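Participant: Dropping in input-v7.pdb, which is PDB, C-alpha atoms (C1' of nucleotides) and all ligand atoms:
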ATOM      1  CA  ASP T 154      55.332 -14.249 -10.412
ATOM      2  CA  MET T 155      56.269 -10.550 -10.201
ATOM      3  CA  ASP T 156      55.421  -9.897 -13.879
ATOM      4  CA  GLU T 157      52.216 -11.930 -13.425
ATOM      5  CA  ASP T 158      51.109 -10.181 -10.203
ATOM      6  CA  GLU T 159      51.567  -6.739 -11.814
ATOM      7  CA  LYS T 160      49.230  -7.790 -14.649
ATOM      8  CA  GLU T 161      46.570  -8.978 -12.166
ATOM      9  CA  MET T 162      46.297  -5.648 -10.323
ATOM     10  CA  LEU T 163      46.239  -3.878 -13.728
ATOM     11  CA  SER T 164      43.095  -5.844 -14.670
ATOM     12  CA  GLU T 165      41.399  -5.474 -11.252
ATOM     13  CA  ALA T 166      41.840  -1.708 -11.549
ATOM     14  CA  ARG T 167      40.046  -1.694 -14.928
ATOM     15  CA  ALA T 168      36.998  -3.263 -13.207
ATOM     16  CA  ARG T 169      36.920  -0.686 -10.369
ATOM     17  CA  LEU T 170      37.081   2.302 -12.691
ATOM     18  CA  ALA T 171      34.517   0.843 -15.094
ATOM     19  CA  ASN T 172      31.482   0.263 -12.829
ATOM     20  CA  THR T 173      29.816   2.452 -10.195
ATOM     21  CA  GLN T 174      26.412   0.732  -9.873
ATOM     22  CA  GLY T 175      26.683  -0.720  -6.352
ATOM     23  CA  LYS T 176      24.763  -3.565  -4.707
ATOM     24  CA  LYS T 177      21.326  -1.996  -5.156
ATOM     25  CA  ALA T 178      21.781  -1.417  -8.916
ATOM     26  CA  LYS T 179      22.886  -5.010  -9.568
ATOM     27  CA  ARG T 180      20.099  -6.540  -7.455
ATOM     28  CA  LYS T 181      17.423  -4.231  -8.942
ATOM     29  CA  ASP T 182      18.330  -5.148 -12.554
ATOM     30  CA  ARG T 183      18.279  -8.888 -11.766
ATOM     31  CA  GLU T 184      14.701  -8.362 -10.527
ATOM     32  CA  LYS T 185      13.853  -6.819 -13.915
ATOM     33  CA  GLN T 186      15.700  -9.636 -15.702
ATOM     34  CA  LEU T 187      13.799 -12.287 -13.707
ATOM     35  CA  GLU T 188      10.397 -10.624 -14.248
ATOM     36  CA  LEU T 189      11.019 -10.158 -17.989
ATOM     37  CA  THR T 190      12.305 -13.734 -18.356
ATOM     38  CA  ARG T 191       9.337 -14.985 -16.294
ATOM     39  CA  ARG T 192       6.843 -13.425 -18.735
ATOM     40  CA  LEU T 193       8.444 -14.952 -21.853
ATOM     41  CA  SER T 194       7.825 -18.413 -20.365
ATOM     42  CA  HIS T 195       4.377 -17.358 -19.067
ATOM     43  CA  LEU T 196       3.247 -15.921 -22.436
ATOM     44  CA  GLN T 197       4.352 -19.102 -24.245
ATOM     45  CA  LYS T 198       2.067 -21.021 -21.859
ATOM     46  CA  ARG T 199      -0.832 -18.813 -23.033
ATOM     47  CA  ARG T 200      -0.120 -19.553 -26.722
ATOM     48  CA  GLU T 201       0.369 -23.252 -25.866
ATOM     49  CA  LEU T 202      -3.041 -23.399 -24.152
TER      50      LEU T 202
ATOM     51  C1'   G V   1     -60.254  -7.075  37.445
ATOM     52  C1'   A V   2     -60.590  -3.192  42.105
ATOM     53  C1'   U V   3     -63.091   1.357  44.476
ATOM     54  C1'   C V   4     -67.367   4.341  44.810
ATOM     55  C1'   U V   5     -73.209   3.518  42.662
ATOM     56  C1'   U V   6     -79.486   3.167  39.583
ATOM     57  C1'   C V   7     -78.597  -2.968  36.455
ATOM     58  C1'   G V   8     -77.421   3.142  33.400
ATOM     59  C1'   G V   9     -72.610   5.792  35.356
ATOM     60  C1'   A V  10     -68.211   6.770  36.453
ATOM     61  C1'   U V  11     -62.796   6.486  38.141
ATOM     62  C1'   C V  12     -57.481   3.892  37.923
ATOM     63  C1'   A V  13     -54.138   1.231  33.833
ATOM     64  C1'   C V  14     -52.499   2.566  26.966
ATOM     65  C1'   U V  15     -49.012   0.116  21.360
ATOM     66  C1'   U V  16     -43.258  -4.379  23.286
ATOM     67  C1'   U V  17     -39.541  -6.055  19.780
ATOM     68  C1'   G V  18     -30.809  -2.551  19.736
ATOM     69  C1'   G V  19     -32.091  -6.638  14.124
ATOM     70  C1'   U V  20     -24.669  -7.509   9.381
ATOM     71  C1'   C V  21     -28.547 -12.173   8.000
ATOM     72  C1'   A V  22     -34.166 -16.856   9.929
ATOM     73  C1'   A V  23     -30.230 -22.983  10.020
ATOM     74  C1'   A V  24     -21.529 -22.099  10.816
ATOM     75  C1'   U V  25     -18.990 -24.448   2.579
ATOM     76  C1'   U V  26     -20.488 -18.879  -1.749
ATOM     77  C1'   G V  27     -20.573 -11.683   1.723
ATOM     78  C1'   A V  28     -17.139  -8.909   7.040
ATOM     79  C1'   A V  29      -9.446 -10.841   9.522
ATOM     80  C1'   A V  30      -4.318 -14.361   6.799
ATOM     81  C1'   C V  31      -1.754 -16.375   7.817
ATOM     82  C1'   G V  32       0.107 -20.684   6.718
ATOM     83  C1'   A V  33       2.279 -24.553   3.463
ATOM     84  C1'   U V  34       5.593 -24.609  -0.742
ATOM     85  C1'   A V  35       9.195 -22.555  -4.331
ATOM     86  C1'   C V  36      12.563 -18.830  -5.683
ATOM     87  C1'   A V  37      15.579 -15.023  -4.104
ATOM     88  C1'   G V  38      18.249 -13.818  -0.218
ATOM     89  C1'   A V  39      19.814  -7.855   2.976
ATOM     90  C1'   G V  40      22.190   1.058   2.119
ATOM     91  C1'   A V  41      26.689   4.592   1.390
ATOM     92  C1'   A V  42      30.864   4.244  -6.194
ATOM     93  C1'   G V  43      37.618  -2.042  -2.556
ATOM     94  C1'   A V  44      35.754  -4.950   1.280
ATOM     95  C1'   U V  45      33.383  -5.018   6.104
ATOM     96  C1'   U V  46      30.485  -1.781   8.732
ATOM     97  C1'   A V  47      26.767   2.919  13.298
ATOM     98  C1'   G V  48      23.320   5.699  11.917
ATOM     99  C1'   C V  49      19.759  10.265  11.353
ATOM    100  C1'   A V  50      16.710  12.331   8.147
ATOM    101  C1'   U V  51      14.102  12.846   3.201
ATOM    102  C1'   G V  52       8.382  11.765   0.166
ATOM    103  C1'   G V  53       3.503   9.210   0.671
ATOM    104  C1'   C V  54      -2.737   5.893  -2.170
ATOM    105  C1'   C V  55       2.969   1.103   1.849
ATOM    106  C1'   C V  56       2.437  -0.327   6.912
ATOM    107  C1'   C V  57       3.165  -3.272  11.491
ATOM    108  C1'   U V  58       4.664  -3.068  17.417
ATOM    109  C1'   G V  59       3.513   0.937  20.912
ATOM    110  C1'   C V  60      -0.980   4.851  25.844
ATOM    111  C1'   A V  61       2.671   7.554  23.013
ATOM    112  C1'   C V  62       3.584  14.605  19.727
ATOM    113  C1'   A V  63       9.093   8.576  23.170
ATOM    114  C1'   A V  64      11.285   4.830  20.394
ATOM    115  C1'   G V  65      11.713   0.411  17.338
ATOM    116  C1'   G V  66      10.762  -2.711  13.014
ATOM    117  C1'   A V  67      17.397  -3.998   7.650
ATOM    118  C1'   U V  68      19.097   3.210   8.371
ATOM    119  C1'   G V  69      11.145  -0.998   8.568
ATOM    120  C1'   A V  70      10.234  -1.486   3.288
ATOM    121  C1'   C V  71       9.733   1.258  -1.454
ATOM    122  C1'   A V  72      12.059   5.743  -4.216
ATOM    123  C1'   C V  73      15.064   7.976 -12.540
ATOM    124  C1'   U V  74      18.227  10.507 -14.009
ATOM    125  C1'   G V  75      15.783  11.134 -22.596
ATOM    126  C1'   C V  76      13.229  16.612 -22.880
ATOM    127  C1'   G V  77      13.804  21.002 -23.893
ATOM    128  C1'   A V  78       9.359  27.991 -25.346
ATOM    129  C1'   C V  79      14.112  26.798 -31.386
ATOM    130  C1'   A V  80      16.761  30.482 -33.760
ATOM    131  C1'   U V  81      20.033  30.116 -37.360
ATOM    132  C1'   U V  82      24.596  31.578 -41.023
ATOM    133  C1'   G V  83      26.884  30.582 -45.552
ATOM    134  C1'   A V  84      27.330  27.269 -49.444
ATOM    135  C1'   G V  85      26.123  22.742 -52.436
ATOM    136  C1'   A V  86      22.515  18.729 -54.289
ATOM    137  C1'   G V  87      17.617  16.800 -54.896
ATOM    138  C1'   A V  88      11.715  16.395 -55.542
ATOM    139  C1'   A V  89       7.399  19.253 -55.654
ATOM    140  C1'   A V  90       4.381  25.340 -57.222
TER     141        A V  90
HETATM  142 MG    MG R 301      13.487   4.005  12.765
HETATM  143 MG    MG R 302      22.362  -1.556   8.777
HETATM  144 MG    MG R 303      18.350  -2.199  14.750
HETATM  145 MG    MG R 304      13.452   5.779   6.873
END
Could you quickly redo this structure as C-alpha cells?
Facilitator:
Amino acid sequence: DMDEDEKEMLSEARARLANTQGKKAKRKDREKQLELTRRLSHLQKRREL
RNA sequence: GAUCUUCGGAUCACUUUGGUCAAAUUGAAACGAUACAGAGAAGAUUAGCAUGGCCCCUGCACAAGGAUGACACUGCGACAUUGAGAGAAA
C-alpha cells in the first residue's frame, strides 16, 4: 500500500507539470476536432452524391 | 345657381387624391421543433472589475444586468558573416 501510494502521487505529479492548457484550451480544441471531423463526413457525402 | 340690369352686361365661387403594393403561399420580425455539446483565472471548487469591436439583447438611462453576456494567437524577422572542406555550372 505505502509503496503503491507513493507511485500514484509520482504519476499524478507528472500530469500536473506537463499540461497548462486549462478548461478553455481543451474545449476550444474539441470544437476544432468536431468541425474538422464533421467536414470529412460531409465531403464524402458530396463525392457520394 | 343668387344679387344688381338692355334679352347684351356684369359681380361672387377655381384643379381633390399621405400611396411599401390593386385581391393575406414567392419582397419588410424568429422564434420554435429536433439533435449535439454542455459553462474564466496553469489541483479542485469558487466573487468579480476592466480590456477591443462589422456581436448584441433587457433598460428612460452617461445607473446596472445578461456566465466576469458572448467572442478574443502567440511562426516572422530591414541579414551580416568568419575560417576551412566538397560538389555542379562561366
Ligand atoms: Mg456586466
Ligand atoms: Mg462566474
Ligand atoms: Mg450574475
Ligand atoms: Mg466583459
Participant: Near chain V, meaning an atom within 8 Å, which residues of chain T appear when counting all atoms listed in the file? Write them as a list in words.
Facilitator: residues 169, 172, 173, 174, 175 and 177 of chain T
Participant: Could you take the residues named above and write them with C-alpha atoms, as a PDB file, in the frame of the given file?
Facilitator:
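To be explicit, this is the file written out as result22.pdb:
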ATOM      1  CA  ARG T 169      36.920  -0.686 -10.369  1.00  0.00           C
ATOM      2  CA  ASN T 172      31.482   0.263 -12.829  1.00  0.00           C
ATOM      3  CA  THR T 173      29.816   2.452 -10.195  1.00  0.00           C
ATOM      4  CA  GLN T 174      26.412   0.732  -9.873  1.00  0.00           C
ATOM      5  CA  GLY T 175      26.683  -0.720  -6.352  1.00  0.00           C
ATOM      6  CA  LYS T 177      21.326  -1.996  -5.156  1.00  0.00           C
TER       7      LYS T 177
END
Participant: Which residues are near ligand MG 301 (chain R) in this structure, taking near to mean any atom at most 12 Å from a ligand atom and counting only C-alpha atoms (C1' of nucleotides) and all ligand atoms? Format them as a PyMOL selection string.
Facilitator: chain V and resi 48-50+64-70
Participant: Assuming 8 Å of padding per side, give the centre and edge lengths of the axis-aligned box around every listed atom of range 171-187 of chain T, in Å to one decimal and as AutoDock Vina command-line options.
Facilitator:
--center_x 24.2 --center_y -4.9 --center_z -10.2 --size_x 36.7 --size_y 30.7 --size_z 27.0
Participant: To one decimal place in Å, what is the distance between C1' of residue 36 in chain V and CA of residue 187 in chain T?
Facilitator: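 That distance, rounded to one decimal, is 10.4 Å.
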Participant: In Å, how far is it from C1' of residue 72 in chain V to CA of residue 178 in chain T?
Facilitator: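 That distance, rounded to one decimal, is 13.0 Å.
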Participant: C1' of residue 56 in chain V and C1' of residue 30 in chain V, how far apart in Å?
Facilitator: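 About the pair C1' of residue 30 in chain V and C1' of residue 56 in chain V: they are 15.6 Å apart.
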Participant: For ligand MG 302 (chain R), which residue among V:46, V:3, V:20, V:25 is the nearest when counting all atoms listed in the file?
Facilitator: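 Closest to ligand MG 302 (chain R), using all atoms listed in the file: V:46.
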Participant: When you count only C-alpha atoms (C1' of nucleotides) and all ligand atoms, which of these residues is closest to ligand MG 304 (chain R): V:35, V:22, V:89, V:71?
Facilitator: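 Closest to ligand MG 304 (chain R) of all the choices is V:71.
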Participant: Of the candidates V:47, V:34, V:73, V:17, which shows the shortest atom-to-atom distance to ligand MG 302 (chain R), using all atoms listed in the file?
Facilitator: V:47
Participant: Care to translate the PyMOL selection byres (((chain V and resi 1) around 12) and not hetatm) into actual residues of this file, as an MDAnalysis selection string?
Facilitator: chainID V and resid 2:3 12:13
